[PDB]
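Each chain is listed here by its residues.
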Amino acid sequence: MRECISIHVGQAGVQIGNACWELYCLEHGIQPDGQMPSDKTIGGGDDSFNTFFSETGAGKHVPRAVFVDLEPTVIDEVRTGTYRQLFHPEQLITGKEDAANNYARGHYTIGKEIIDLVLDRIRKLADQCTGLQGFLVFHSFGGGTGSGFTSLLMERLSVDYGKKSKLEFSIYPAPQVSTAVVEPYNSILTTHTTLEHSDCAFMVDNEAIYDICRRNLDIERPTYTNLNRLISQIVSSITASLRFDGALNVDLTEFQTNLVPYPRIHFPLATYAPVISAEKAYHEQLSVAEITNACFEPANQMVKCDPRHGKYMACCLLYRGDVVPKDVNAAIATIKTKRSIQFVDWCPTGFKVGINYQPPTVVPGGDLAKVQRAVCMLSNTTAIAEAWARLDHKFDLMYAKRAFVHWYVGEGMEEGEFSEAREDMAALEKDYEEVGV
Amino acid sequence: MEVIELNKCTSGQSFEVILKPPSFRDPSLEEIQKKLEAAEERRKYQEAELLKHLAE
Amino acid sequence: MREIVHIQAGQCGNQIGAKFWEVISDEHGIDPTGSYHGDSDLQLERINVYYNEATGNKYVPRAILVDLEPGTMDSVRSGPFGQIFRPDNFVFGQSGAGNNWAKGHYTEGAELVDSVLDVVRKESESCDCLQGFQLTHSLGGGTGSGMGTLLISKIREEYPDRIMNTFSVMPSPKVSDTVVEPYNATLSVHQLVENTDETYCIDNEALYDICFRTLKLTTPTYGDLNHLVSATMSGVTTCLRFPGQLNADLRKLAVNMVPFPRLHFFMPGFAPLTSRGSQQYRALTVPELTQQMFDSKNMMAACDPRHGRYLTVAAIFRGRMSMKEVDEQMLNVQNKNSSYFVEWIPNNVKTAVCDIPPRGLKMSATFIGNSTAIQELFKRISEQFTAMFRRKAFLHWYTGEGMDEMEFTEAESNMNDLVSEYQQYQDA
Amino acid sequence: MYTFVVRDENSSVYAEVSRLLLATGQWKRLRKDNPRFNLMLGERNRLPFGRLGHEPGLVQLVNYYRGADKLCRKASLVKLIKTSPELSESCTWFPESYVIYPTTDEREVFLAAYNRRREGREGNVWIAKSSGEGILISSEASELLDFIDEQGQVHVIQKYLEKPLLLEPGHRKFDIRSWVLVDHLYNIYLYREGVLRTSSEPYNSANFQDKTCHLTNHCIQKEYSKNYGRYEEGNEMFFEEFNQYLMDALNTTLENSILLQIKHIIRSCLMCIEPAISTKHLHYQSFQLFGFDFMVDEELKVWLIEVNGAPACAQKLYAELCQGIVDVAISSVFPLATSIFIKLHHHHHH
Ligand SMILES: Nc1nc2c(ncn2[C@@H]2O[C@H](COP(=O)(O)OP(=O)(O)OP(=O)(O)O)[C@@H](O)[C@H]2O)c(=O)[nH]1
Ligand SMILES: Nc1ncnc2c1ncn2[C@@H]1O[C@H](COP(=O)(O)OP(=O)(O)CP(=O)(O)O)[C@@H](O)[C@H]1O
Ligand SMILES: Nc1nc2c(ncn2[C@@H]2O[C@H](COP(=O)(O)OP(=O)(O)O)[C@@H](O)[C@H]2O)c(=O)[nH]1
Ligand SMILES: COc1ccc2c(c1)NC(=O)CN2c1nc(Cl)nc2cccnc12
Ligand SMILES: [Ca+2]
Ligand SMILES: [Ca+2]
Ligand SMILES: [Ca+2]
Ligand SMILES: [Cl-]
Ligand SMILES: [Mg+2]
Ligand SMILES: [Mg+2]
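Residues numbered from 1 in each chain as written, not as in the entry; some residues may be left out. Chains lettered and ligands numbered in written order. Part of a larger assembly, values for the part shown. Heavy atoms only, no water.

**Re the arrangement of the chains**
Then step 1. Take the five pairs of chains in contact: the one carrying the most contacts is chains A and B.
Then step 2. Nothing in chain B touches chain D, and the closest approach of their C-alpha atoms is 12 Å. (Contact = heavy atoms within 4.5 Å.)

In structure tokens, the structure reads:
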């Protein structure tokens, strides 16, 4: 067994962290006080869930978790909230003043004053680890903290822990719920600075999650609680293989060998089905065929794009519930004949399948209904470069007038980092275009 | 349509299904602390130019 | 990013500043003694942004009252909420400033400024995390205009990393104490474009026209004008004072609203427009709030938004209404009038909502626009300035206090430069 | 007030559609790069489909189907027809065709079926084309195999129809152009008015290099062909006149002899690529107007030549067709305060 440390940076990272650790606890039957009745090796062990939880003499199960925000409001809610007992106070790190939606303020200015403390609290958990695999890093592209501090943290984690793997859960900016107008600037700056420090990054467009909540949960105006419980289900599907007995995606290095053959093209598309409202009186349950088929509807994707007009380099299916290999193979065989699934000339046209027989766990009084089978598809398709094109365009519109640049230069950043960050992104859009056309 | 490396256990199963085969400087602690100090220098410069202007 | 330190300077600064503390103390459940007799908890969640907690669990405004004559400030003590204010925060000289920028900035004002900065320091030291400062002042007199801008300069020197926010009342021949207002205003705007992060342009021309044309008041008083001011001030400070999905501060407002550091002069708007006392009983519908709040007639700065383009917009909906209707209407305005919103700042309109409505209305919208049309305000005051300055008319009042013609020529120039920059981004 | 933008200033058809939309007073036009459009009348190259359908509070429609170029570029059309099971290699309405690169490639497989039409004593003449801008029709192809192992792009070598149907008086050639509108629901709408682009020079079986009696393009008939506008104005025969001729001269109708085969090839071609280009469950919607170009042979068999993704209409029809694009493709999605088209639908049970 090899430990994984989760790091939650900024509001987006922290709130999504809450959502995931709440769900993980319900899945592993860990209670809010941190007690796990089912765990009969008291005071330790090397079970699969110990990847995510350490143990104390009193039989308390504690996340391998660091929360970091440059402002206390959101982590104060964790500190006084339903899971207050679960966390070690030293895992919850806050400053006094936030990065005011400014990459440069989060990275250079307020960053520097807190980076060494954070790395010290990260080193305390790494020292309670017999064999650290590496890190799961949760953040927004859009936030000054989410963007700017995360990229400083990632540069240093590469230095202090060079052999260890680093995965991202990254919230891509959507105007309908965004707070700031400079999120395209923050997004590009942090992508550029973070790109070589990240083995595998799962991007979630708040736009996709917002519309899944409207369309499939019948929620007029989805809140962060709505978006976050849905996102936490998808993260739980992706991480289940690290926390459960299995032979697929068993360690963080396998995510890279299975999903990322080209190291820069490290942005796998997550598709998830089914999403069903808990207030829907009558729901006729969906088959292995119907939900595998739903993994090829853009309307179910974490990012809206069109996999038909790209190529695949890797495709995993992660099933939860009453699924058996025969149904998957029949489902998969039907789906090839109906849909455009083109792989790159230099990859096997294949799927890697993982089945965990425990159906998805839903939070009591949540918006998501129990289902007897769900799937999360992780496909590395070139179609996701559509998200980079949208974002780079927004960036070019603003940067052409140097609109808001003065806020970044005022925090000690050079106008040149903008055009450097945008060149890297032009190079990234080109890599995707070469591979996929 | 070939089904391979089927692994089973109490918790679930995993396997790979294949249809067609192939149609065939992470910088130092030092360099970082120089970037962060260079930025702080430009910030202290810009603040000195303001306090000079205000002194005028 | 908790505490805001408020300063009110001169007659207008203090009359408007007082009505602010009246209106905002009623919204947060605070009585004229400092005792909280409220009922909601959204009231006290961020009370510390504007109030210090004192002995007895009492709330005292983080407010400093500055004048070069005692008149208006003895009228604040006397007024309804006078007793709320910390008595040590009343700083006054005795000479007055005679509607003279030079007396405020260079002679009478310098004598008193250091006293003000001591009380500013006593409030700032007590602060867990100071966001910065908001100042209420006219630009047309001597104290608020000339001393107020001297303060702003000293405060930036001593707190250069804190946000400076002003509610700056612009003068108008329609509501005019003296001929020298264009002089006082042009000298003040020069200071404002250098030394503030964000300025609410509150145009006495607009407040008069709303009182006459819309509210049907034949003879509008400073009370009628100050009703519109106190409603807007409540409006634009909502997301600083109340918890919502947007928990804003003066910095985040500045970063998101100001794309170029000199273009930080906001055109505020309010709906529905009320004349005090007689308030109609027909609650306004979200479509109506949205149409009015963006209407020229609802703008507190006498500019036509159709003669410019919106760089950025912030909109506050107050009361119990459909979140979904608010997003629908806000998207309808932009998609239906998309020419008037720069294409080179994507998603430049941001909307917040607050359940607590202002006293006397079930539903209200407050508008904050960084429009390039605000140039019209600055061109108006430039024309009034040049009409006199071409003949050095009334200048003796200023040369008598040590000022040189040069300083007037420099200020004329900075303001005309400001107008060229607004023009620059109107034709992008 | 619905909003549109115009990003192809040279589009004959959409110039006229923007005009008809304004003239309703329910559509205003925005600046090219204003992202807050309902309708994009888009560029021909690198249309940024990835920026469509991410504008909250705006249903967005574009006048192109992403992926439709598979049907509308020569070499890809040949690969599509040869590789798609639903239009086999046997496919009886496409001329035998081979994709050939300048020095993947089919050249080895081209000579096997070509050198059976030496042994066969069959009239073994071909054509080669790109995607009269450099066309050649040679008997043996000493020239063709070499001609464009020389010039820029990849090329298609396509059976030449030696024995075409002959319009009289004239002993001349033609191609038929049909306009097909695919709406957002993937309704396939054939416009009832087609056009025969005609040669004016009698067809010559022995002199092939005379690209005048062999090539039927509107451009070529004004420059090289001297009998322009002799029989019909201007080398454009419409459907009333061609129907009448077929009735008078062969005793059939346009409907039976030709149009059943055209309707079959159109619905066969578009139903093939439907799963690749459909916008049914997408976050933006596509329509597109195609120009299908057919050759009729002397036994009255229709053959598909090429599909055009950015076609121009013929002068008199602009008014009618463009109004139809609005009624069917635009007003269906964005509604205001005798159909022009024949809907191609077939549900045979087997
Ligand atoms: N899905 C999701 N997105 C969130 C959440 N909170 C914020 N965001 C998004 O994140 C972006 C804003 O970044 P934040 O994470 O709030 O910023 P921060 O990292 O706290 O940084 P500063 O406040 O700028 O110092 C916007 O696109 C928001 O919509 C959340 O709980 N869930
Ligand atoms: N296989 C074939 N047999 C007989 N004639 C042919 C032929 N292929 C092409 N032609 C002739 O050439 C003309 C069409 O050439 P091509 O298909 O390249 O058109 P084009 O793309 O250059 C202009 P358009 O886009 O309007 O069709 C026809 O009108 C016909 O006269
Ligand atoms: N809106 C408003 N304007 C005022 C008020 N009092 C004065 N003014 C305007 O303020 C200017 C005169 O400045 P004033 O504040 O009296 O001078 P000071 O006391 O020297 O700062 C003129 O333009 C007046 O029209 C007021 O209470 N409300
Ligand atoms: C144009 O984009 C914006 C405009 C105003 C804002 C933002 C974005 N984002 C913020 O965090 C601050 N902000 C706001 N700040 C305040 Cl004090 N008030 C507001 C009221 C409505 C909308 N926005 C704001
Ligand atoms: Ca154990
Ligand atoms: Ca590395
Ligand atoms: Ca004196
Ligand atoms: Cl290491
Ligand atoms: Mg934050
Ligand atoms: Mg006065």
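**A short note on the interface of chain B and chain A**
Then step 1. Between chain B and chain A, the residue contacts involve 33 residues of the former and 39 residues of the latter.
Then step 2. Summed over both sides, the interface of chain B with chain A buries roughly 3,300 Å², with 55% coming from carbon and sulfur.
Then step 3. In terms of surface lost to chain A, no three residues of chain B exceed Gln13, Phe15 and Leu36 of chain B, which account for 19% of the buried area on that side.
Then step 4. Across the contact surface, chain B and chain A share four salt bridges.
Then step 5. Notably, a salt bridge pairs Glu16 of chain B with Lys352 of chain A, separated by 3.6 Å at the nearest N-O pair.
Then step 6. Taken together, the links from chain B to chain A amount to 17 residue pairs in polar contact.
Then step 7. Counting only elements with at least two residues in the side of chain B that touches chain A, the list comes to strand 1 (2–8), strand 2 (12–20) and helix 1 (29–55) of chain B.
Then step 8. In terms of residue count, the dominant contributor to the side of chain B that touches chain A is helix 1 of chain B (11 residues).
Then step 9. Across the side of chain B that touches chain A, the residue classes tally to 15 nonpolar, 10 polar and eight charged.
Then step 10. Summarising the sheet, strand 11 (residues 349–356) of chain A and strand 2 of chain B pair through eight bridges and their orientation is antiparallel. (Buried area = accessible area lost by both parts, 1.4 Å probe. Salt bridge = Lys/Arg side-chain N within 4 Å of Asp/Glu carboxyl O. Polar contact = N/O pair within 3.5 Å; in protein donor to acceptor, adjacent residues only side chain to side chain. Helix = DSSP H or I, 4+ residues; strand = E, 2+ residues; numbered from the N terminus. Nonpolar A, V, L, I, M, F, W, Y, C, P; charged D, E, K, R; others polar. Pairing = 2+ DSSP bridges.)

**Thoughts on the interface of chain D and chain A**
Then step 1. Every contact between the two is made by 14 residues of chain D and, on the other side, 16 residues of chain A.
Then step 2. Buried area between chain D and chain A, both sides added, is near 1,500 Å², and the carbon and sulfur share of it is 50%.
Then step 3. On the chain D side of the interface with chain A, the three residues burying the most area are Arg51, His54 and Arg66 of chain D, jointly 36% of the side's total.
Then step 4. At the junction of chain D with chain A, the criterion picks out two salt bridges.
Then step 5. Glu386 of chain A is the salt-bridge partner of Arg66 of chain D, the closest N and O atoms lying 2.8 Å from each other.
Then step 6. The interface formed by chain D and chain A includes eight residue pairs in polar contact.

**A few points about the nonpolar core**
Then step 1. Counting residues in each nonpolar core, the largest one holds 224 residues, and the members touching the most others are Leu153, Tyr185, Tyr319, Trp388 and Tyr408 of chain A together with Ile374 and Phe378 of chain C.
Then step 2. For this core, the element with the most residues is helix 3 (residues 103–126) of chain A, which contributes 11 residues.
Then step 3. Non-local contacts of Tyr408 of chain A, meaning those with residues more than four positions away in its chain, are made with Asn101, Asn102, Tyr103, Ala104, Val182, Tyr185, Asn186, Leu189, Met413 and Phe418 of chain A.
Then step 4. Formed by 61 residues, the second largest nonpolar core is a distinct cluster that contains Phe53, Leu86, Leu227 and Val362 of chain A. (Core = buried A, V, L, I, M, F, W, Y, C linked by side-chain atoms within 4.5 Å. Buried < 20%, exposed > 50% of the residue type's maximum accessible area, 1.4 Å probe, protein only.)

**Concerning empty space enclosed by the protein**
Then step 1. Within this model, the largest cavity holds a volume of roughly 230 Å³.
Then step 2. For the lining of the largest cavity, the secondary structure elements donating two or more residues are helix 7 (224–243), strand 10 (312–321) and strand 11 of chain A together with strand 2 of chain B.
Then step 3. Counting contributing residues, the lining of the largest cavity receives three or more from each of domain 1 (1–268) and domain 2 (269–383) of chain A.
Then step 4. Lining the second largest cavity are 15 residues; nearest its centre among them are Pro175, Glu183, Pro184 and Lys394 of chain A together with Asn347 of chain C.
Then step 5. Elements with a contribution of two residues or more to the lining of the second largest cavity: helix 5 (183–194) and helix 11 (385–399) of chain A.
Then step 6. Ranked by the residues each element gives to the lining of the second largest cavity, the list is headed by helix 11 of chain A, at three residues.
Then step 7. Tallied by class, residues from the lining of the second largest cavity come to nine nonpolar, two polar and four charged. (1 Å grid on protein atoms, 1.4 Å probe; cavity = no way out; pocket = protein on both sides within 12 Å on 5 of 7 lines; lining within 4 Å. Points joined across faces, edges and corners; volume = space filled by probe spheres on them. Domains from an automatic or database assignment.)

**With respect to the site of ligand 1**
Then step 1. Ligand 1 sits among 24 residues. The nearest are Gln15, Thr145, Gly146, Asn206 and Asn228 of chain A.
Then step 2. Among the chains of the assembly, those with residues near ligand 1 are chains A and C.
Then step 3. In the environment of ligand 1, an oxygen atom lies 3.0 Å from a nitrogen or oxygen atom belonging to the backbone of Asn101 of chain A.
Then step 4. For the shell around ligand 1, the leading source of residues is helix 1 (residues 10–27) of chain A, giving four residues.
Then step 5. When the residues that make up the shell around ligand 1 are grouped by side-chain class, the tally is seven nonpolar, 13 polar and four charged. (Near = heavy atom within 4 Å.)

**Section: the site of ligand 4**
Then step 1. Taken together, 16 residues surround ligand 4, and among them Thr179 of chain A together with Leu246, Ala248, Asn256 and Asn348 of chain C come closest.
Then step 2. One of the side-chain nitrogen or oxygen atoms of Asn256 of chain C is found 3.4 Å away from a nitrogen atom of ligand 4.
Then step 3. For ligand 4, whose accessible area on its own is 510 Å², the fraction buried by protein is 100%.
Then step 4. For the shell around ligand 4, the secondary-structure elements that each account for two or more residues are helix 8 (222–241), helix 9 (250–257), strand 10 (310–319) and strand 11 (349–354) of chain C.
Then step 5. Considered class by class, the residues forming the shell around ligand 4 number 11 nonpolar, three polar and two charged.
Then step 6. Counting contributing residues, the shell around ligand 4 receives three or more from each of domain 1 (1–259) and domain 2 (260–373) of chain C. (Areas by Shrake-Rupley, 256 points an atom, 1.4 Å probe, with all protein chains shown as cover.)

**Regarding the sheet that holds strand 7 (residues 155–159) of chain D**
All names here are of chain D.
Then step 1. Strand order in the open sheet made by the three strands is 5-7-6, with antiparallel pairing throughout. Among the strands making up the open sheet, the edge pair consists of strand 5 (97–100) and strand 6 (126–129). In this sheet, adjacent strand axes meet at a mean angle of 20° when their direction is disregarded.
Then step 2. Across four bridges, strand 5 lies against strand 7 in antiparallel orientation. Looking across to strand 7, one finds that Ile100 is bridged to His155.
Then step 3. Relative to the sheet, helix 3 (residues 74–83) contacts strand 5, strand 6 and strand 7, its axis offset from that of strand 5 by approximately 130°.
Then step 4. Helix-sheet contacts for helix 4 (residues 107–114) involve strand 5, strand 6 and strand 7, and the interaxial angle to strand 5 is about 145°. (Axes fitted to C-alpha atoms, helices over the stretch in contact; angles between N-to-C directions.)

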